[PDB]
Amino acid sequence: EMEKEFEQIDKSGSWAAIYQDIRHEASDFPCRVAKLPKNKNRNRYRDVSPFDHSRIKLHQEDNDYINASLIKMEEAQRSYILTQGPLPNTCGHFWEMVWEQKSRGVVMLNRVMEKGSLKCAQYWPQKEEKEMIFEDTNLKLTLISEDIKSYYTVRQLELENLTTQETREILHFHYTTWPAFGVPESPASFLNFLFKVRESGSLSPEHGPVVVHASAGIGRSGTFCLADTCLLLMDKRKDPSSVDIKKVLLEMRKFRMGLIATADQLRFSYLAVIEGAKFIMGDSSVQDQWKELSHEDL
């Protein structure tokens, strides 16, 4: 029982110890392509890189590297693509991957500037009259509409392949108040954001993997993937007791290093799943209570 374990770690104060065991048992696979010289300026941070066995390959001839990782959960039947914050020179790469892997949703859990520094390039247009044209990957990106909530923003983006003239709709889910190495204001404000992504159909298996990124793509990103997956197992197995959060996190660290960055991010992951477990079991009123407590209307 997660609650019996959760209560047990809060009374023992061993959250920094449980998390430090996870970093110890975490997988360690070669990042040969990442640490190549030609891909130095494609890596935002030096301690964050994709495993060669799970990295996303770009379908071009020149240089196929982009700091992105396919995380596939076979049992849970869902895949995610986690990636760093696009650098000013890999923005075309970022959208080239989105197209090739046939993705419909992007989830951005950081701001372009946080704590006085630049954590991410402005890889999407802010005004409908100002569309972005990436000439390196021959793409065009245009802003269609945006619904601005208090702590998150849902944009609607049209991406066009200039070579073939195909166009696709891309939903952009921007969580704006999740600080680096911090946690959401409340589990309700997080879950209300997760389900807003679910109902949009971006996570549907008829589409590609969803793209989830923050600044490095492991801290806030893994927390979002860890909660969704765990909830997903809990509706399939129908046996919530069987869901071990510590194991599921270790499974994801096979596909991308450093998933979850702080011990309290791990703590929040428990609370998020414990609260979200109420909807999986059938509670229909908790769908709106999250909406009310999140205070999105503003």
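Note that residue numbering follows the sequence shown and begins at 1.
Relative to its counterpart among 239-247 and 252-260, 239-247 has the higher mean temperature factor, C-alpha atoms as listed in the PDB entry. Among all modelled residues in its chain, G217 ranks in the lowest third by Cα B-factor. Among all modelled residues in its chain, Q60 ranks in the highest third by Cα B-factor. Among the modelled residues of its chain, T153 has a C-alpha B-factor that falls in the middle third, as given in the PDB entry.
Per the PDB record, residue ranking by Cα B-factor puts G116 in the middle third of the chain.
Sort the chain's modelled residues by C-alpha temperature factor and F51 lands in the lowest third, per the entry.
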